[PDB]
Amino acid sequence: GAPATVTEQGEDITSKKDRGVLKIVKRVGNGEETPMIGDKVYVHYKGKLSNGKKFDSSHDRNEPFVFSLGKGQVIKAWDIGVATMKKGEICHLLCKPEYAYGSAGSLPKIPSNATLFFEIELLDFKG
Ligand SMILES: O=[N+]([O-])c1ccc(O)cc1
């Protein structure tokens, strides 16, 4: 499935090149510009655990998730991953725990040492 495919066929987008965050672009977005640090970014997404369970989805909430890029308001993999996206892009990210919730996890839904899968759509970004 999609998690396996990004695990096996994704590109390492980390600065450390430690394969902690792997990406596949599913839909190419618009132009060349990506958001900048501090921008208000609007995304639709779903997240799955390695046991197949969907632990989060903005589509299911009928509202985008909104955050300021690069401020640690989201897991490291998102600050890194979303920063690589063009407006309109859809990508898959495979995030190892060191770029997600680590050994702590996030009660109740994210276990310790969890590798996470996301599909993310960048809807808009604004300074
Ligand atoms: O990926 N993330 O950092 C998130 C995004 C939204 C949420 O409700 C929880 C975690």
# chains A, B, ... in the order shown; residues from 1 in each chain; ligands from 1
$ residues_near_ligand --ligand "ligand 1" --cutoff "10 Å" --atoms "only C-alpha atoms and all ligand atoms" --output "VMD selection string"
chain A and resid 43 to 47 55 to 58 64 to 67 72 to 79 95 99 to 101 106 110 116 to 118 120
$ select_by_dssp --residues "chain A" --states "helix (DSSP H, G or I)" --output "ChimeraX atom specification"
/A:2-9,59-61,76-82,97-99
$ write_last_selection --atoms "N, CA, C and O atoms" --output "mmCIF file, in the first residue's frame"
data_model
loop_
_atom_site.group_PDB
_atom_site.id
_atom_site.type_symbol
_atom_site.label_atom_id
_atom_site.label_comp_id
_atom_site.auth_asym_id
_atom_site.auth_seq_id
_atom_site.Cartn_x
_atom_site.Cartn_y
_atom_site.Cartn_z
ATOM 1 N N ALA A 2 0.230 2.401 0.182
ATOM 2 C CA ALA A 2 0.932 3.674 0.102
ATOM 3 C C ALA A 2 2.051 3.809 1.136
ATOM 4 O O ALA A 2 3.137 4.275 0.777
ATOM 5 N N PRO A 3 1.827 3.385 2.404
ATOM 6 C CA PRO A 3 2.932 3.471 3.368
ATOM 7 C C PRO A 3 4.159 2.656 2.944
ATOM 8 O O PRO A 3 5.290 3.126 3.052
ATOM 9 N N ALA A 4 3.940 1.444 2.479
ATOM 10 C CA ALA A 4 5.048 0.618 2.005
ATOM 11 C C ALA A 4 5.773 1.283 0.843
ATOM 12 O O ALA A 4 6.996 1.255 0.753
ATOM 13 N N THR A 5 5.013 1.869 -0.064
ATOM 14 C CA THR A 5 5.597 2.452 -1.258
ATOM 15 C C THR A 5 6.481 3.644 -0.919
ATOM 16 O O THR A 5 7.581 3.774 -1.451
ATOM 17 N N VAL A 6 6.033 4.521 -0.027
ATOM 18 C CA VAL A 6 6.890 5.656 0.329
ATOM 19 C C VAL A 6 8.089 5.180 1.163
ATOM 20 O O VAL A 6 9.191 5.748 1.068
ATOM 21 N N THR A 7 7.898 4.128 1.957
ATOM 22 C CA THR A 7 9.019 3.547 2.698
ATOM 23 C C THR A 7 10.113 3.068 1.738
ATOM 24 O O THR A 7 11.301 3.296 1.962
ATOM 25 N N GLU A 8 9.710 2.397 0.658
ATOM 26 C CA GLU A 8 10.645 1.730 -0.227
ATOM 27 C C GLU A 8 11.080 2.592 -1.396
ATOM 28 O O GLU A 8 12.110 2.293 -2.008
ATOM 29 N N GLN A 9 10.311 3.636 -1.729
ATOM 30 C CA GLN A 9 10.500 4.386 -2.973
ATOM 31 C C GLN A 9 10.540 5.890 -2.715
ATOM 32 O O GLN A 9 10.579 6.674 -3.660
ATOM 33 N N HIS A 59 -9.885 16.084 6.511
ATOM 34 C CA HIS A 59 -11.040 15.917 5.654
ATOM 35 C C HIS A 59 -12.237 15.486 6.486
ATOM 36 O O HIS A 59 -13.340 15.983 6.292
ATOM 37 N N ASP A 60 -12.007 14.575 7.425
ATOM 38 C CA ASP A 60 -13.072 14.055 8.281
ATOM 39 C C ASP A 60 -13.637 15.120 9.219
ATOM 40 O O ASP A 60 -14.747 14.980 9.718
ATOM 41 N N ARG A 61 -12.853 16.161 9.472
ATOM 42 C CA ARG A 61 -13.291 17.290 10.296
ATOM 43 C C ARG A 61 -13.920 18.432 9.489
ATOM 44 O O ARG A 61 -14.416 19.384 10.062
ATOM 45 N N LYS A 76 8.485 17.643 13.596
ATOM 46 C CA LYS A 76 9.606 18.078 12.781
ATOM 47 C C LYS A 76 9.416 17.679 11.317
ATOM 48 O O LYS A 76 9.717 18.458 10.418
ATOM 49 N N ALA A 77 8.916 16.470 11.075
ATOM 50 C CA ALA A 77 8.716 16.003 9.704
ATOM 51 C C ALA A 77 7.806 16.920 8.910
ATOM 52 O O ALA A 77 7.960 17.028 7.694
ATOM 53 N N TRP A 78 6.805 17.501 9.567
ATOM 54 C CA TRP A 78 5.909 18.452 8.905
ATOM 55 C C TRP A 78 6.559 19.790 8.638
ATOM 56 O O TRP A 78 6.366 20.359 7.562
ATOM 57 N N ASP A 79 7.277 20.332 9.614
ATOM 58 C CA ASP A 79 7.961 21.587 9.366
ATOM 59 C C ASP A 79 8.921 21.391 8.196
ATOM 60 O O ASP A 79 8.968 22.236 7.309
ATOM 61 N N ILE A 80 9.599 20.244 8.136
ATOM 62 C CA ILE A 80 10.527 19.932 7.048
ATOM 63 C C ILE A 80 9.760 19.660 5.728
ATOM 64 O O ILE A 80 10.080 20.184 4.650
ATOM 65 N N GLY A 81 8.746 18.811 5.796
ATOM 66 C CA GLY A 81 8.070 18.342 4.605
ATOM 67 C C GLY A 81 7.253 19.414 3.939
ATOM 68 O O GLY A 81 7.277 19.559 2.700
ATOM 69 N N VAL A 82 6.449 20.120 4.726
ATOM 70 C CA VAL A 82 5.544 21.127 4.153
ATOM 71 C C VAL A 82 6.382 22.247 3.516
ATOM 72 O O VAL A 82 6.016 22.823 2.499
ATOM 73 N N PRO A 97 10.257 8.002 14.029
ATOM 74 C CA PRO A 97 9.854 8.619 15.302
ATOM 75 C C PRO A 97 10.689 9.832 15.699
ATOM 76 O O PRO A 97 10.168 10.727 16.375
ATOM 77 N N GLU A 98 11.952 9.867 15.289
ATOM 78 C CA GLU A 98 12.825 10.970 15.660
ATOM 79 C C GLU A 98 12.361 12.289 15.023
ATOM 80 O O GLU A 98 12.761 13.370 15.454
ATOM 81 N N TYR A 99 11.519 12.196 13.997
ATOM 82 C CA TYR A 99 10.941 13.373 13.342
ATOM 83 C C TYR A 99 9.442 13.487 13.602
ATOM 84 O O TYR A 99 8.727 14.252 12.944
#
$ select_by_dssp --residues "stretch 37-106 of chain A" --states "strand (DSSP E)" --output "ChimeraX atom specification"
/A:40-49,54-57,65-68,90-95
$ closest_residue --among "A:32, A:121, A:39, A:18" --to "residue A:90" --atoms "only C-alpha atoms"
A:121
$ closest_residue --among "A:29, A:35, A:1, A:10" --to "residue A:126" --atoms "only C-alpha atoms"
A:35
$ closest_residue --among "A:38, A:20, A:88, A:52" --to "residue A:68" --atoms "only C-alpha atoms"
A:38
